[PDB]
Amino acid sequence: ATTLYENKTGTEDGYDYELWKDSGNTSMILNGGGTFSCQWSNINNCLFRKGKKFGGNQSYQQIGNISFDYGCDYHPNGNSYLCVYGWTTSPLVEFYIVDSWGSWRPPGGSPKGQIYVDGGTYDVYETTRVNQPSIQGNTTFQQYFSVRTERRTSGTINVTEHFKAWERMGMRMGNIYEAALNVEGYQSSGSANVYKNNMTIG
């Protein structure tokens, strides 16, 4: 219904959305609810997402179950990934549950372990980003990744279950800040239609 071509944040039907790129061509069609369609080309970095911020300072147990029931028509022509994306605070962690990717499988390096969630096996990774932009300014924070061992582009992502598995692997879970269904592109072109994105909370 509404198409965005330039960096913007906002809300639609209760969902926080963002289009961002540092340079290049981007189009994000806001299609209601959690749904959005995007196209990129000639970009360095871009992202497209719809999700929800939680507010306050509450743990995943306090919030209740967080899940995404999603479907994406996913056609990256180069580097890209399709994931649930979000942040915790106390401690500050940028987290990723990646179900598909383009030419490169993120994040690199070697996994801490593997977990089994929503019928799929996920490699688990932890990294540190030093003095990088974040939801709390330029600072140092951890990244948590679950990355599916084989690509898929529709199904349920039970975010809470990844949180619990990460905890069991020793990765500390603080208060949940936001979670969103997210398409990233890097030095590439592509399209991705998130035609279904039902976020459920509790």
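All residue numbers are counted from 1 along the displayed sequence.
Trainee: So, looking at the entry's B-factor column for Cα atoms, which has the higher mean, 141-149 or 167-175?
Mentor: Of 167-175 and 141-149, the stretch with the higher C-alpha B-factor average is 167-175.
Trainee: Tell me which stretch, 53-61 or 27-35, has the higher mean Cα B-factor listed in the entry.
Mentor: On average, C-alpha B-factors are higher across 53-61.
Trainee: Which of these has the highest Cα B-factor in the record: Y122, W104, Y74, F95?
Mentor: Among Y122, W104, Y74, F95, the PDB entry lists the largest C-alpha B-factor for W104.
Trainee: By the recorded C-alpha temperature factor, relative to the other modelled residues in its chain, which third is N44 in?
Mentor: It belongs to the highest third of the chain when residues are ordered by C-alpha B-factor.
Trainee: Just say lowest, middle or highest third for the CA B-factor of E184 relative to the other modelled residues in its chain.
Mentor: Bottom third by C-alpha B-factor.
Trainee: Using only modelled residues of the chain, where does the Cα B factor of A1 rank: lowest third, middle third or highest third?
Mentor: Its C-alpha B-factor, which the entry lists for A1, ranks in the highest third among residues of this chain.
Trainee: Can you tell me whether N198 has a C-alpha B-factor in the lowest, middle or highest third compared with the other modelled residues of the same chain?
Mentor: Middle third of the chain for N198's C-alpha B-factor.
Trainee: Test of reading the entry: by CA B factor among the chain's modelled residues, which third contains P91?
Mentor: Middle third by C-alpha B-factor.
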